[PDB]
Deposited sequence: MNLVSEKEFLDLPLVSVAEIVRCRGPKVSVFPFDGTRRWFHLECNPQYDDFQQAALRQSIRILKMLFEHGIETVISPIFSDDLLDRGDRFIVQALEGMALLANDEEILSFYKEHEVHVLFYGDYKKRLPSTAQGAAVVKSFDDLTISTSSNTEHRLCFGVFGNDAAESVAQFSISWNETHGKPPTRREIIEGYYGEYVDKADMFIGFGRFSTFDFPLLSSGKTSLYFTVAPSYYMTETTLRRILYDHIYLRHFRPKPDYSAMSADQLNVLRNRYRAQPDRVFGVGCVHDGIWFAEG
């Protein structure tokens, strides 16, 4: 269990990997769907929906219980009117399309939505329809317990929301809410800290307030989210589960004088080595090294 080689891990059947993940984690994984337009212009609503389902299905079939997936951020008013409509149409799909609803039922997925969407969403018919669809879905899938899916819609800044939720909670309860109750209030249900975040391109994380910690393993694929392969996910999983927090930890004092020199050389050999710096090609940033 604690002694599986990366090669074996990569050769293992899906049901075997899932069992390992159910026991070792990650329990909660953040996976935003970025670089969609780019992916489309290389390989719309019905195409992205399929890929989203593919990846989401992939994540859940690997044992991951909860998936936090940011889909819409405030940077949505940075585009025309046709975007708003098209956007709300995509949001509607998440709660109305038959193939995805079957996905929730097939894999018993409880869908929840977080963010400042109720306020920031265009105060109009189509917008209210989405909100109602979101609430409806959340309750519809309440019976599902195998997996939890959290969609981020304007879920980048929780400060004000937490503040107002705490004030109301204190007014009706008589005491301030616990961290647990604060999280249930934002995500609609309790969710453990994120164990990993899988982004792409520029090194940056976003849209998963209150669930971040120094223990959230970060990963940045070179290609867009939808390009995620089976091999890539397993390599990410393996790294997090067996490599990030290695044990027994290092004992500097008990090491020989040579081991220390070899270690020091690993750092001073390339004294200015940095991960995060990139280069631009056609306006697109690519990580170096």
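Comparing the deposited sequence with the modelled residues shows one gap only, at 44-50, with numbering starting at 1.
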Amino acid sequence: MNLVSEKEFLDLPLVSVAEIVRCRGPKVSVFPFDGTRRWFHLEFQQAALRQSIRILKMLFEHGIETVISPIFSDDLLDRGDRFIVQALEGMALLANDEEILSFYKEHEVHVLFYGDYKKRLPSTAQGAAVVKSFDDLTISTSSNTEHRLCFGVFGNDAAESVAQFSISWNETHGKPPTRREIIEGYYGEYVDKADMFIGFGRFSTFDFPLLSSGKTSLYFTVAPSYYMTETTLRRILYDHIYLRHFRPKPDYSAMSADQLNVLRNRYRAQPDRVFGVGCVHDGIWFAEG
From here on, numbers count along this sequence of modelled residues.
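On average the C-alpha atoms of 120-128 have higher B-factors than those of the other stretch, with 120-128 and 159-167 being the two compared. The question of which stretch, 173-181 or 98-106, has the higher mean Cα B factor is settled in favour of 98-106. The PDB entry assigns its highest CA temperature factor, among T36, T66, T232, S52, to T36. Note on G199, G115, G214, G80: the highest value goes to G80, judged by CA B factor as recorded. Per-chain ranking of the deposited C-alpha B factor places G276 in the lowest third. Among the modelled residues of the chain, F72 sits in the highest third by CA temperature factor in this PDB entry. Ranked against the other modelled residues of its chain, the C-alpha B-factor of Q86 as given in the entry falls in the highest third. In this PDB entry, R244 carries a Cα temperature factor that places it within the middle third of its chain's modelled residues. When the CA B factors of the chain's modelled residues are split into thirds, the value for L42 lands in the highest one.
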